[PDB]
Amino acid sequence: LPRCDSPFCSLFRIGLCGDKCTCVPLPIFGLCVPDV
């Protein structure tokens, strides 16, 4: 499977992890986690 491994992400820009992974903003910025 393709990987995102996006180094950062934020609640303003969740598009760092689009379609494939999801980021958790805490508080404003967050890390990106691939479920798959």
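Asks: Mind showing me how you'd approach the nonpolar core here?
Replies: Note that soluble globular proteins tend to have their nonpolar side chains buried in a common cluster. Counting five residues, the largest nonpolar core consists of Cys9, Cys17, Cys21, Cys23 and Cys32. If we skip the residues at most four places from it in the chain, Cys9 touches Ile14, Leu16, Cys17, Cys23, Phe29 and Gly30.

Asks: How should I be thinking about a nonpolar patch on the surface in this particular structure?
Replies: A contiguous nonpolar surface patch, about 460 Å² in accessible area, is contributed by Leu11, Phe12, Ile28 and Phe29. Topologically, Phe29 is positioned in strand β3 (residues 29-33).

Asks: Looking at this structure, I do not really get the sheet that holds β3. What am I missing?
Replies: Where strands meet in a sheet, backbone hydrogen bonds hold them as pairs that are either parallel or antiparallel. Strand order in the open sheet formed by three strands is β1-β3-β2, and the pairing between neighbours is antiparallel. Every interior strand has two partners, whereas the edge strands, β1 (9-10) and β2 (22-25), have only one. Where β2 and β3 come together, four bridges link them in antiparallel fashion. Looking across to β3, one finds that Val24 is bridged to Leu31.

Asks: Would you mind going over the environment of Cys17 with me for this structure?
Replies: Looking at where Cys17 falls in the secondary structure, it is placed in the loop between β1 and β2. Taking the C-alpha atoms as reference, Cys17 lies 6.5 Å from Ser6; in sequence the two are 11 residues apart. Contact partners of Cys17, with chain neighbours within four places excluded, come to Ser6, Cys9, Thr22, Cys23 and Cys32.

Asks: So what exactly am I meant to see when it comes to the pattern of salt bridges here?
Replies: In a structure, side chains of opposite charge can pair up when their charged atoms sit close to one another. Within the structure shown, the criterion is met by one salt bridge. Notably, a salt bridge pairs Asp19 with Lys20, separated by 2.8 Å at the nearest N-O pair. For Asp19, a relative accessible area of 72% gives the class exposed. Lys20 gets classed as partly exposed once you look at its relative accessible area, which sits at 46%.

Calculation criteria
Residues numbered from 1 in each chain as written, not as in the entry; some residues may be left out. Heavy atoms only, no water. Core = buried A, V, L, I, M, F, W, Y, C linked by side-chain atoms within 4.5 Å. Buried < 20%, exposed > 50% of the residue type's maximum accessible area, 1.4 Å probe, protein only. Contact = heavy atoms within 4.5 Å. Patch = residues over 30% accessible without salt bridge, like charges linked within 9 Å, V, L, I, M, F, W, Y side chains within 5 Å. Areas by Shrake-Rupley, 256 points an atom, 1.4 Å probe, with all protein chains shown as cover. Salt bridge = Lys/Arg side-chain N within 4 Å of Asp/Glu carboxyl O. Helix = DSSP H or I, 4+ residues; strand = E, 2+ residues; numbered from the N terminus. Pairing = 2+ DSSP bridges.

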